[PDB]
Protein chains: 2
Amino acid sequence: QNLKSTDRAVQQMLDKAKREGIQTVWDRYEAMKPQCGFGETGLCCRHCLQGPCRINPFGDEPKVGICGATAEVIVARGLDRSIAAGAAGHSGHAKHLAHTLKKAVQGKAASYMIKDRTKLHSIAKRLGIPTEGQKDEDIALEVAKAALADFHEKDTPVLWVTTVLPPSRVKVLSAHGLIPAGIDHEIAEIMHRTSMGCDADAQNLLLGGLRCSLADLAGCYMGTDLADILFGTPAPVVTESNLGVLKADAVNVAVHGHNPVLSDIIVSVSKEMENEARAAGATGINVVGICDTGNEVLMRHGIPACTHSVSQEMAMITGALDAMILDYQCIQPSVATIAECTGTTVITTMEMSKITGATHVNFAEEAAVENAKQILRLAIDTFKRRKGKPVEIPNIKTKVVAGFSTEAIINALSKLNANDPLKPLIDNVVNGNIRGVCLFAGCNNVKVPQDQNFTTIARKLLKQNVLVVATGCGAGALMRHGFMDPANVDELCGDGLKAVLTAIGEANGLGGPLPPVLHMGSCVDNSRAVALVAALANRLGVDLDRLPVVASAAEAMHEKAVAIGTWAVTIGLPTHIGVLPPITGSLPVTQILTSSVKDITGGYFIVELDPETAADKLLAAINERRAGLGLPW
Amino acid sequence: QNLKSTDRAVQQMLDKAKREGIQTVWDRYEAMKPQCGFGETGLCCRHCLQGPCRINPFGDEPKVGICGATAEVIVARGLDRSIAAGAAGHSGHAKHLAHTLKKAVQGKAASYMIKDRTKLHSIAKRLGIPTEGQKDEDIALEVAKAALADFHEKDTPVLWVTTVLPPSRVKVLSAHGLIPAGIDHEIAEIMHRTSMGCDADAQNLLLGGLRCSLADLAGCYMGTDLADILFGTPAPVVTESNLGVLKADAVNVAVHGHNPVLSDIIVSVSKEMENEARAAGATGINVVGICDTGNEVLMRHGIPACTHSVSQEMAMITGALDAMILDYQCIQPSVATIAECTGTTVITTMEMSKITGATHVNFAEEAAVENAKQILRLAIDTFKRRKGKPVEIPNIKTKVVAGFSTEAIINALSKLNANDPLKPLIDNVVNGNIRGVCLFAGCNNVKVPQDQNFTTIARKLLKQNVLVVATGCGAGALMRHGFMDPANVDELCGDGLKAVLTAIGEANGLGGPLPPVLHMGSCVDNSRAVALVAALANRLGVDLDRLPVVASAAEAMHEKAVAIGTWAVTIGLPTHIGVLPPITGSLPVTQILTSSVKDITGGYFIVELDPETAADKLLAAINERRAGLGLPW
Ligand code: SF4
Ligand code: SF4
Ligand code: SF4
Ligand code: SF4
Ligand code: FES
Ligand code: FES
């Protein structure tokens with residue numbers, strides 16, 4: 001089982017699933033091997049009904065698509081569509097929060113409100129919305145309207161790109177025609193240009209892809225901004241992770257998916273219904289997180305994280321998961337089938353994200369609290385049905401310190417320098433105590449033993465004094481293996497990094513260091529890392545492609561992860577991906593994405609499936625940036 | 001060669017290509033066989049990097065996607081993305097015309113103007129834009145702004161859906177949640193809901209697809225509306241089609257793609273540069289059409305149609321094609337390679353549609369006439385380079401009567417009844433002289449001997465007194481085989497249909513009948529057929545699903561054709577498709593699309609690859625509608 005997952009709680013549940021004859025994601029993977037090499041290399045096209053077309057990576061015919069589409073066109077078009085689909089997911093998330101804020105401040109959804117006025121005003125100021133002498137609800141209405149306006153063409157470009165990056169970077173991107181005109185506009189234009197008989201030049205196609213990836217960045221940043229207004233900007237928090245946070249005697253309710261509009265209300269209402277759960281025989285309601293909705297409520301409320309990503313079915317296999325409340329994205333639809341075996345009540349809530357065999361509850365912002373109670377009562381009913389059923393919850397959990405929004409990091413740093421809080425970080429980059437910064441992002445992937453790349457790479461970087469930040473299931477992987485427990489600083493961190501984490505931690509009244517890895521939140525909260533990196537660039541007077549900052553999507557899976565990787569490259573970062581994207585069938589496209597794009601944006605992809613090799617390559621990328629600044633390394 | 005194309009001019013050029021060693025679309029098809037059956041059935045998914053996933057149509061594992069996606073989810077998600085891509089192509093076309101009109105009336109593009117004020121005012125009235133006492137340029141500005149507004153969410157739904165269908169049909173669609181909220185909004189929501197871990201219920205997925213297909217309908221109707229304002233509403237016209245319209249002694253310039261913003265200016269400017277072409281040794285400039293841009297200038301200017309779709313390379317093989325001026329969509333990228341062999345100058349003009357090895361000319365509305373001259377001079381230069389080269393132009397062409405916009409058809413009918421012009425058509429439906437109406441639409445497809453399904457099906461329907469209208473490459477197929485020549489009415493038409501075409505033709509001062517098939521224009525001009533059918537419904541007091549009207553995408557290829565077929569079903573029409581769409585891997589999805597959707601929208605797909613069988617099925621569908629109205633059949 002350790003070839004499937006390095007998580008020991010997951011290994012225990014894989015044995016239980018095998019005993020009980022419950023098919024898992026890993027079983028369905030094994031049943032799929034060997035996978036189609038045309039698809040794995042990207043040399044397959046189904047963009048019209050003359051297909052499917054494929055191209056042999058090597059050898060004889062077929063060499064070209066039926067319409068004349070070359071390998072480099074086919075690969076570029078497929079990649080572009082994956083970027084657009086990722087952008088659409090982050091677009092939809094942000095759009096649904098923008099409508100939630102608009103409803104809140106127009107008096108249409110009283111369960112929602114402006115919880116962070118400070119953030120609201122700073123966003124309004126960044127966008128040029130006047131605040132002085134205005135009511136909050138009117139400022140927020142203007143912010144929500146500006147968010148919705150970024151989805152379409154208007155007299156300005158996408159402001160959640162142009163107002164969040166340094167002017168020098170916007171200038172570079174503008175010179176190459178890469179600034180998005182509208183978020184959904186770019187998604188549609190990708191789908192158009194990649195349809196049959198349209199764009200057929202790899203470089204032109206890929207520039208469109210870079211531009212659409214910035215539409216994805218805008219959706220991420222908009223999503224974080226609006227979620228923080230509505231639900232609070234995260235601050236440091238301490239909780240736990242892994243399956244051991246389930247409690248046999250409680251109603252265990254997992255929030256799963258991505259959008260907190262739903263999950264954040266569940267958290268509040270669950271506290272109300274504690275007595276009603278005790279009436280049913282439970283100790284209370286135990287809300288736990290799966291995937292990124294779980295990260296959202298972990299970051300804001302300290303809700304413990306149950307599991308992530310590839311191992312999500314394992315929470316159910318314990319027998320103790322009474323409900324799984326879903327919104328959208330990264331939900332294995334197998335959960336609806338597995339629930340028949342495990343007793344779990346799987347509940348969908350979004351009109352455009354239903355699963356055959358799952359109970360659907362039509363959530364509406366206008367009735368959020370009512371819907372939450374309907375949902376939690378189904379969960380209580382399910383708990384009662386397992387009175388006296390044995391469960392097997394692995395007694396495995398880790399301590400997780402998290403909540404490191406960029407505002408939190410700046411505040412923590414300000415304890416070392418009150419009016420120049422970035423300077424202490426830059427000082428230690430310059431003197432070598434911090435070699436650089438690495439953002440771990442993205443998913444787990446059944447092709448990679450779960451968490452293996454994240455932890456292998458992270459260990460090597462931390463020993464080399466790299467400051468490591470993480471989001472999404474990269475944060476999930478690191479938290480479930482102790483990387484967010486400050487007790488592990490001595491073991492994991494080089495001396496210089498330990499010194500820095502210790503100084504900051506002690507200066508914030510903690511008696512101990514910051515954790516080895518800083519949890520910056522969900523996948524949309526990769527935007528928080530952008531905010532931090534752009535602020536560092538501005539403080540140093542350079543563009544992002546001169547900073548010793550890298551990213552690693554070490555076990556990427558979702559189209560969203562491809563979009564995030566592509567905009568990391570586009571804003572100037574060396575960007576590792578630890579799974580093969582479907583590009584290796586075209587050497588010209590691979591060359592553009594791993595080399596020549598350097599001369600456009602300064603970033604570049606690092607495709608490397610061996611994690612020890614990937615870490616050496618990330619260190620070389622960091623150290624090249626150090627040398628470019630004239631620093632020792 | 002007659003197994004590849006039933007067009008004798010195409011057969012002649014296939015022999016020339018074979019002699020000269022020039023690879024064609026049919027050669028690349030043969031090199032691709034046998035094609036992947038997982039893709040052909042729709043049982044392949046590449047929506048995340050855990051894939052590719054495939055499902056055996058029958059037999060043993062794999063039975064399910066790695067994430068748990070069933071066959072019916074995989075098939076529905078792939079179909080939805082094809083609909084969204086089609087919508088994006090028609091979206092982009094309409095959007096680029098909306099920007100062209102806005103620029104024209106804001107004084108920014110003087111080569112463009114309001115050519116049809118009548119149409120402008122009728123559109124403004126349909127949309128509720130006030131006209132009385134307003135300047136045309138201000139009315140048009142409001143129309144252009146309303147067009148752009150339909151791409152995003154606002155306080156109204158998509159008006160180019162809700163104002164173009166009868167209220168009863170809008171009510172049916174609204175009750176099922178199928179009215180689009182915004183064109184690019186729906187495209188993005190499709191890409192979101194079909195991404196990994198989101199929508200996983202076939203019925204829910206397919207309802208999203210129906211809704212996105214209405215976004216496509218809106219793009220089509222908007223495109224026709226704006227093109228008519230800018231370039232004139234078509235009226236009856238007589239010209240010719242097939243390769244014989246090329247002239248060895250002229251500068252032969254093909255306009256190819258879809259958007260007339262470009263091609264319509266080429267047509268005007270080409271007339272200016274006649275003397276400049278004679279200076280170079282030519283008789284003049286001979287503009288000819290390929291694909292739908294060719295239909296646009298055929299319908300409005302009588303520009304002869306050279307070829308269509310699958311056979312586009314053959315125009316080049318003659319050796320006489322001096323230039324091919326491209327915008328976007330349905331352009332085989334092979335043309336850029338073939339030009340090295342044939343001497344043709346292939347010119348791209350749109351930023352998002354480039355082809356490696358083709359000359360790019362950055363067309364801008366603001367400089368349209370300048371760009372046109374730059375482009376036509378490259379063509380003249382190319383003509384000079386083939387002084388004394390032998391060419392082989394097949395001496396094959398047909399006479400084409402076309403220009404049957406819905407306004408034209410109504411006007412023609414008004415010669416038989418001035419204040420009730422639809423009544424004479426309905427009278428002859430009722431008395432049986434017209435059995436019903438069939439719209440042929442869509443592409444050719446290399447899998448089907450070119451034109452074979454269109455002509456086989458059309459012959460059977462015409463003998464059964466069906467009124468046949470056609471658009472796109474369905475019109476192209478029928479025109480190249482004589483179906484738009486009134487000389488062929490006696491041979492092709494049943495007695496009742498002949499009587500009706502003759503009465504209308506003679507009453508319009510023609511001495512002869514209308515042609516056997518009425519050419520209603522380009523693929524976006526399928527919207528014209530909707531206008532006609534909706535007017536018939538309104539005049540009869542019934543919804544479209546009670547009318548004896550059917551559609552046939554008899555040789556479908558492009559994602560746009562899938563979108564058109566799906567919205568034909570959604571507005572209530574029995575809709576034949578003569579190529580296999582990638583649905584047969586899921587019986588539940590096939591059952592929904594060919595049967596149970598009847599109970600939602602009243603329309604349904606008819607999947608039938610045998611054209612004689614398809615014609616019998618279309619006749620049965622028509623006759624069922626007749627019986628439902630209590631008519632004999
Ligand atoms: S777009 Fe070209 S390569 Fe793709 S399926 Fe169609 S013919 Fe084949
Ligand atoms: S990291 Fe990937 S699997 Fe995890 S929640 Fe984000 S997109 Fe989904
Ligand atoms: S979305 Fe599911 S079925 Fe599709 S490639 Fe990913 S794991 Fe396979
Ligand atoms: S009918 Fe098809 S091939 Fe022809 S121009 Fe329209 S979408 Fe293209
Ligand atoms: S041939 Fe396998 S992914 Fe298309
Ligand atoms: S396995 Fe051939 S289309 Fe994917």
# chains A, B, ... in the order shown; residues from 1 in each chain; ligands from 1
$ residues_near_ligand --ligand "ligand 1" --cutoff "8 Å" --atoms "only C-alpha atoms and all ligand atoms" --output "ChimeraX atom specification"
/A:44-54,64-70,74,195-197 /B:332,557-558
$ residues_around --residues "residue 555 in chain B" --least-positions-apart "4" --cutoff "12 Å" --atoms "only C-alpha atoms" --output "PyMOL selection string"
(chain A and resi 48-50) or (chain B and resi 309-310+440-457+472-477+561-562+565+576-581+607-611+614)
$ closest_residue --among "B:574, B:496, B:130, B:182" --to "chain A" --atoms "only C-alpha atoms"
B:182
$ closest_residue --among "B:27, B:36, B:101, B:15" --to "ligand 6" --atoms "only C-alpha atoms and all ligand atoms"
B:36
$ select_by_dssp --residues "range 176-273 of chain A" --states "alpha helix (DSSP H)" --output "ChimeraX atom specification"
/A:183-193,202-231,260-272
$ write_last_selection --atoms "C-alpha atoms" --output "short mmCIF file (atom, residue, chain, number, x, y, z; two decimals), in the first residue's frame"
data_model
loop_
_atom_site.label_atom_id
_atom_site.label_comp_id
_atom_site.auth_asym_id
_atom_site.auth_seq_id
_atom_site.Cartn_x
_atom_site.Cartn_y
_atom_site.Cartn_z
CA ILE A 183 -12.04 36.46 -18.10
CA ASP A 184 -14.83 34.63 -19.89
CA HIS A 185 -13.85 36.42 -23.11
CA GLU A 186 -10.43 34.73 -23.06
CA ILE A 187 -11.93 31.32 -22.22
CA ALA A 188 -14.25 31.59 -25.22
CA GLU A 189 -11.50 32.86 -27.51
CA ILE A 190 -9.37 29.84 -26.55
CA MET A 191 -12.17 27.46 -27.38
CA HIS A 192 -12.69 29.28 -30.67
CA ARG A 193 -9.06 29.47 -31.77
CA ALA A 202 2.27 26.73 -32.06
CA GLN A 203 3.77 30.02 -30.88
CA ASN A 204 0.56 31.97 -31.54
CA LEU A 205 -1.47 29.24 -29.81
CA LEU A 206 0.79 29.23 -26.77
CA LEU A 207 0.73 33.03 -26.42
CA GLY A 208 -3.06 32.74 -26.28
CA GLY A 209 -2.58 30.12 -23.58
CA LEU A 210 -0.37 32.44 -21.53
CA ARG A 211 -2.99 35.16 -21.83
CA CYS A 212 -5.77 32.80 -20.77
CA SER A 213 -3.64 31.69 -17.80
CA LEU A 214 -3.64 35.30 -16.61
CA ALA A 215 -7.43 35.17 -16.80
CA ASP A 216 -7.10 32.23 -14.43
CA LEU A 217 -4.83 34.25 -12.15
CA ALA A 218 -7.46 36.97 -12.09
CA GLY A 219 -10.14 34.48 -11.07
CA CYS A 220 -7.92 33.16 -8.28
CA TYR A 221 -7.08 36.62 -6.96
CA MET A 222 -10.71 37.76 -7.22
CA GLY A 223 -11.81 34.61 -5.39
CA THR A 224 -9.40 35.20 -2.50
CA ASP A 225 -10.30 38.90 -2.31
CA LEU A 226 -14.05 38.28 -2.18
CA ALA A 227 -13.81 35.31 0.21
CA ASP A 228 -11.71 37.41 2.59
CA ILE A 229 -14.22 40.28 2.51
CA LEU A 230 -17.12 37.91 3.19
CA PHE A 231 -15.53 35.45 5.61
CA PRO A 260 -16.64 28.54 1.06
CA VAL A 261 -19.95 30.33 0.38
CA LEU A 262 -21.43 26.99 1.44
CA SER A 263 -18.92 25.53 3.90
CA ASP A 264 -18.44 28.68 5.94
CA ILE A 265 -22.18 28.72 6.76
CA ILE A 266 -22.13 25.00 7.60
CA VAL A 267 -19.42 25.78 10.15
CA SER A 268 -21.48 28.45 11.91
CA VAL A 269 -24.78 26.56 11.82
CA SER A 270 -23.14 23.33 13.00
CA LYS A 271 -22.36 25.10 16.28
CA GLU A 272 -26.05 26.01 16.65
#
